[PDB]
Ligand SMILES: Nc1ncnc2c1ncn2[C@@H]1O[C@H](COP(=O)(O)OP(=O)(O)OP(=O)(O)O)[C@@H](O)[C@H]1O
Ligand SMILES: Nc1ncnc2c1ncn2[C@@H]1O[C@H](COP(=O)(O)OP(=O)(O)OP(=O)(O)O)[C@@H](O)[C@H]1O
Ligand SMILES: Nc1ncnc2c1ncn2[C@@H]1O[C@H](COP(=O)(O)OP(=O)(O)OP(=O)(O)O)[C@@H](O)[C@H]1O
Ligand SMILES: Nc1ncnc2c1ncn2[C@@H]1O[C@H](COP(=O)(O)OP(=O)(O)OP(=O)(O)O)[C@@H](O)[C@H]1O
């Protein structure tokens with residue numbers, strides 16, 4: 001078969017049909033009317049998807065018996081002038097079979113590793129001291145002219161793909177460059193089944209651990225991200241019910257091999273493996289501080305228009321990109337309702353583009369950071385992006401109005417830039433100044449808006465205060481004798497200010513302290 | 001059972017579960033219930049908390065006997081190109097257990113003493129001739145395929161966490177990114193108990209020396225900030241015993257003994273003024289130069305509404321970020337009331353963000369120095385940052401009113417940026433221009449404001465003049481006749497200008513000058 005590779009069947013059976021496909025079955029047919037074989041394979045990917053696991057395995061499944069593994073910068077560090085000589089001493093042991101042939105999956109491989117250390121010169125003369133180019137075109141020309149080997153396979157990999165030389169990406173040199181992305185929901189029940197297979201115990205981990213329960217809520221992070229989930233829990237199982245009393249002067253195995261329980265894994269994804277991507281815990285709980293109380297009908301009227309528009313994103317093909325805009329008065333709770341819509345949306349990739357992780361950045365350094373978030377939402381099938389607090393990305397201020405034009409015209413594009421075809425993106429935006437964006441025609445950019453009001457009547461003010469539950473029934477009555485019939489207009493976040501400044505007074509005085517602060 | 005590390009019972013037992021739960025305990029169930037061992041630990045921190053203590057101690061409680069201790073920029077040494085000769089001879093002796101001794105000991109450690117000067121990988125390779133892009137992935141690919149079980153355990157530590165390359169912190173290479181901060185109240189009677197253990201007259205120093213009483217008032221500053229307390233207290237007790245002007249060594253101990261008193265510790269609390277985290281009157285008395293006299297209820301209404309709002313920060317968990325804005329006319333003693341609210345609050349961390357230390361800074365350097373102050377607040381349990389004199393940080397001037405947009409957008413974010421979970425902050429703002437900060441939408445951002453007024457009546461002027469104690473009782477009688485009838489309006493700082501400008505006249509003309517300058 002192969003050693004365990006999870007969720008890469010549309011790639012490993014795709015470098016079947018470019019490299020593996022020849023060289024075993026058609027040497028009686030290519031000898032009739034064939035052509036040259038493949039030359040080399042490139043491997044895209046964010047770190048953690050399983051690039052290197054292929055070259056450990058395709059260096060062994062090929063039965064080649066000479067895996068000439070090189071590191072990336074392993075060549076460069078010789079004396080100045082003689083740097084380029086190592087790679088031509090690397091092909092030369094293969095190059096003696098210029099005169100021969102063979103059978104059973106042809107047997108010379110060269111494996112680079114993060115190849116964009118050597119293979120720089122994307123077209124911008126990247127580097128100096130005259131070596132950053134000469135080790136490129138030494139390597140450009142050992143696999144084209146003159147012809148050789150017809151039996152090597154330069155399996156390269158990298159993390160930064162589009163910086164390799166474009167003359168080294170043509171099919172004469174590296175035939176197949178291939179996107180190895182993170183596995184989907186179907187791919188993560190493949191890979192959990194692999195790293196919990198040599199585990200036997202009672203039965204293959206335990207009796208209680210459902211890997212399908214660990215498939216769906218471990219919902220986006222990649223391969224070695226997921227290997228660390230198993231490896232941490234069985235390490236917590238090395239401190240649980242057999243070794244929970246190690247007490248650094250250790251015991252031996254006295255309590256005899258506790259199975260890795262279900263409480264191990266959901267403590268390990270609780271603490272401390274962040275998915276580093278970051279999905280299903282980006283700490284959106286910093287934005288939803290005091291929960292989501294349904295203080296009125298205009299809360300339910302907002303978040304149902306979440307799912308009546310989230311399901312527009314999940315089940316369409318006419319509109320691959322839906323961009324909504326939450327608006328309303330300040331302190332009204334828009335960032336929470338942008339997160340609570342996005343968290344209850346159950347998309348894989350939920351990234352809150354909040355400007356607090358961008359403080360002090362210039363007009364360029366925000367656009368280079370917003371580019372990184374929207375490219376991380378282009379690498380997913382289903383993704384949501386909260387572009388939070390529009391008037392702080394645009395560094396806006398109403399004195400003679402100044403703002404960033406450079407961020408604006410790199411945000412008016414990204415509300416109308418389609419993803420790769422077949423991929424869905426939900427953009428949620430929060431703003432407190434609607435009629436500023438009415439000038440800049442960003443209301444024209446969003447698909448539709450959702451007005452988030454303040455608390456409207458005195459019934460909602462009590463209903464916001466019943467659910468928080470801070471005041472006594474007699475103490476609620478005095479406020480009920482004031483605002484019932486009056487006209488209050490104040491946000492929910494500002495209501496959390498006025499409740500909490502009120503409690504720090506005397507216990508008989510916590511009522512009209514709130515009623516003094518409510519007047520403004 | 002273990003050599004001294006103070007107050008890191010959680011963090012040191014959390015690398016028990018990572019690089020200490022496997023690899024030693026069962027030690028044959030690991031190969032039965034298959035599992036790779038972890039490849040290293042990452043140590044965050046503010047400077048001086050026991051990051052390098054957790055290399056030297058962890059290199060001696062492993063019984064590993066060969067810590068390959070490298071330094072931070074140690075590797076980079078040779079000519080350009082030649083740098084990676086060190087970071088592949090670094091793993092080379094541990095590579096040589098890829099032998100017939102494949103498993104089974106196992107000689108591990110490599111200590112990156114300051115990793116952030118090696119690993120950046122900024123993704124756009126903005127660096128000439130290969131500075132920080134080929135020492136990174138030579139390192140990224142000598143700890144991956146092809147690999148053994150394997151031998152190594154790479155411990156890297158840094159003052160600056162996030163500037164490390166995000167490709168390297170995957171669960172393959174460096175699993176745990178462990179937070180080593182400043183210790184709490186109970187962690188410090190661990191570390192005072194460690195360094196004063198060998199300190200002895202018999203086993204301890206004296207009787208009046210109690211570390212548990214010095215645990216609670218040396219409250220904020222970290223471990224290396226606290227060993228300097230112990231070392232400079234016995235240093236004070238040297239010169240208490242010996243005499244030192246010349247090379248004189250003459251004792252041959254004069255009391256025939258030596259012990260360190262409690263008065264020798266708190267002599268070195270006038271030095272070591274809780275550096276970089278905390279104050280014990282740490283020379284912010286240059287903002288209160290002439291005291292805070294209470295000339296009426298409009299001072300007591302100011303410094304109690306501060307200390308009520310301090311109770312909101314300390315007790316509450318609904319609103320973990322509380323902000324205030326002391327406002328009023330110029331020369332009204334606003335800065336001095338802000339430091340007095342902070343000094344009467346007994347917070348650990350009281351840093352004053354002030355424009356007087358920022359003279360001549362450009363618009364970028366005002367944001368990053370303001371960002372450095374709040375990031376020190378975010379590394380404490382409690383904190384209170386006095387953002388003083390808003391319209392000088394914003395470098396405001398109202399002729400076609402020009403200001404720094406970038407400072408205002410690095411200030412409207414930080415007044416709402418929440419500290420991490422369980423930590424508090426109290427931002428106190430002073431400004432002279434209520435209306436201009438309304439025009440910038442900043443009075444929106446603060447929770448509440450306190451109008452600090454001028455003295456408005458003749459009675460408050462006479463009461464302010466008694467408490468200073470400048471004039472004479474018959475001379476104040478001349479003042480008491482004149483300042484009544486008409487109502488005056490002047491600040492408290494401007495009042496201190498006029499009194500000193502009036503004392504320097506002739507003594508027969510001090511009073512008839514002070515009543516002349518006060519006409520405007
Ligand atoms: N699809 C997969 N199936 C099984 N295991 C996987 C898969 N993807 C990743 N892994 C795990 O990831 C670990 C190493 O992956 P790899 O080194 O390829 O990450 P990478 O970032 O792609 O490589 P590099 O770090 O060299 O760039 C292996 O231990 C392997 O168990
Ligand atoms: N139904 C609700 N909708 C929104 N927020 C709520 C609700 N119920 C309670 N809250 C609390 O109110 C707070 C709202 O804070 P939030 O920053 O979202 O207000 P905001 O209007 O976005 O302020 P700003 O616009 O200045 O960022 C959250 O901490 C949340 O816990
Ligand atoms: N928890 C602790 N217990 C005992 N001593 C400590 C503790 N924390 C710090 N120290 C003291 O701090 C000193 C070194 O501190 P630390 O290891 O934090 O330096 P560092 O910040 O790691 O320096 P660098 O990062 O440059 O290596 C030692 O003298 C050690 O005794
Ligand atoms: N009751 C009081 N309140 C405030 N300040 C007082 C009081 N009594 C005396 N002072 C003195 O008044 C001085 C005012 O200092 P401060 O810098 O606060 O003035 P200010 O109003 O902030 O000036 P500016 O508005 O120009 O910054 C302080 O040195 C303080 O010692």
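Residue positions begin at 1 at the first shown residue.
Structure method, as recorded: electron microscopy, 3.7 Å.
The backbone N, Cα and C atoms fix where each Cβ goes, and this holds for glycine too.
Feature annotations, courtesy of Swiss-Prot:
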{"type": "MOD_RES", "residues": "A:44", "note": "phosphotyrosine"}
{"type": "BINDING", "residues": "A:290, A:291, A:292, A:293, A:294, A:295, A:330, A:331, A:332, A:333, A:334, A:335, A:336, A:337", "note": "ATP binding site"}
{"type": "BINDING", "residues": "A:335", "note": "Mg(2+) binding site"}
{"type": "MOD_RES", "residues": "A:354", "note": "phosphoserine"}
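Taking the features listed in Swiss-Prot, we show where each one sits on the structure.
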residue: A:44; record: phosphotyrosine; Cβ neighbours (10 Å): 17
residue: A:290; record: ATP binding site; Cβ neighbours (10 Å): 14
residue: A:292; record: ATP binding site; Cβ neighbours (10 Å): 16
residue: A:294; record: ATP binding site; Cβ neighbours (10 Å): 12
residue: A:330; record: ATP binding site; Cβ neighbours (10 Å): 15
residue: A:332; record: ATP binding site; Cβ neighbours (10 Å): 24
residue: A:334; record: ATP binding site; Cβ neighbours (10 Å): 26
residue: A:335; record: Mg(2+) binding site; Cβ neighbours (10 Å): 23
residue: A:336; record: ATP binding site; Cβ neighbours (10 Å): 21
residue: A:354; record: phosphoserine; Cβ neighbours (10 Å): 22
A:290, A:292, A:332, A:335, A:336 filtered to the binding-site residues whose C-alpha is within 10 Å of the residue listed as 'phosphoserine': A:335
Residue A:44 (phosphotyrosine) and residue A:330 (ATP binding site), distance between Cα atoms, whole Å: 44
Taking residues A:290, A:291, A:292, A:293, A:294, A:295, A:330, A:331, A:332, A:333, A:334, A:335, A:336, A:337, which bind ATP in the record, the widest Cα spacing (Å, whole number): 18
Alpha-carbon spacing, residue A:294 (ATP binding site) to the residue listed as 'Mg(2+) binding site', which is rounded to whole Å: 15
Among A:290, A:292, A:330, A:335, A:336, A:354 (the recorded positions), residues with Cβ under 8 Å to chain B, listed in sequence order: A:290, A:330
The residue listed as 'phosphotyrosine' and residue A:292 (ATP binding site), distance between Cα atoms, whole Å: 41
Cα separation, the residue listed as 'phosphotyrosine' to residue A:334 (ATP binding site) (Å, whole number): 38
